[PDB]
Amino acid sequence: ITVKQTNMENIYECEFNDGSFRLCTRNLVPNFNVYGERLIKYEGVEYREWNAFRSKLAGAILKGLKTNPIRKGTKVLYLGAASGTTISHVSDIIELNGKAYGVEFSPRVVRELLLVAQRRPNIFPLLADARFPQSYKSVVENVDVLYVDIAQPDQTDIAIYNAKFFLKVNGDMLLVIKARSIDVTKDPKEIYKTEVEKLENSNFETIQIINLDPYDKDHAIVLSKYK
């Protein structure tokens, strides 16, 4: 075992007892885990294992994500917080100075997101419809990074509307493109192309495009800067 910092802030690697390598983050609330992940102590510090098959964000990294706009003290808008798997790791990364605004419209699942956010002052859960940003307008601020992981056929259009409300100009958007929630008929490569184009016509500048296969089938993630 060994833990070591990486090319990206507050993100670490583990050499393991057997020779396997996993991403992990510096746990903001020691001795607690949000999903099932392994808790690990090294040099008296507690790290949380970051499963790449579960978190789209960690997936993108190992699949060669260039630049990671989510760092220390970053203010981030999270569309689709769900149970809180990924957002808990962006919580560990932005670290109290930063803020994570988590928007999620499913009561069954906000129920569990609640539990994650109580433990973390970093996270502000918002039971709201991401199609009406006017509904959480009155609670949030504007943000540096806009992370969007919603299953909606019009997700990209939803992402854009949320940007021109809250994305600081020259800020970044991470957009997860869910091809099979956009149209199960169409081929995912076509879907990727038509969606990135929607983005470029709303003057987002395509920085990188990752295919999350095999971590997530028929998914891609887009990094871009809003102008």
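The numbering used is simple: start at 1 and walk along the sequence shown.
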request  = Would you tell me which stretch averages the higher CA B-factor in the PDB entry, 190-198 or 175-183?
outcome  = 190-198
note = Of 93-101 vs 122-130, the stretch with the larger average CA B-factor in the entry is 93-101
request  = Compare the C-alpha B factor of residue 212 with those of the other modelled residues in its chain, then answer lowest, middle or highest third.
outcome  = lowest
ask   = According to the PDB entry, is the CA B factor of residue 58 in the bottom, middle or top third of its chain, that is, lowest, middle or highest?
value = lowest
inquiry  = Sorting by Cα B-factor within the chain, modelled residues only, which third would residue 221 end up in: lowest, middle or highest?
reply    = middle
task = Select lowest, middle or highest to describe the third in which the CA B-factor of residue 43 falls within its chain in this entry.
result = highest
task = Among all modelled residues of this chain, ranked by Cα B factor, put residue 75 in the bottom, middle or top third, i.e. lowest, middle or highest.
result = middle
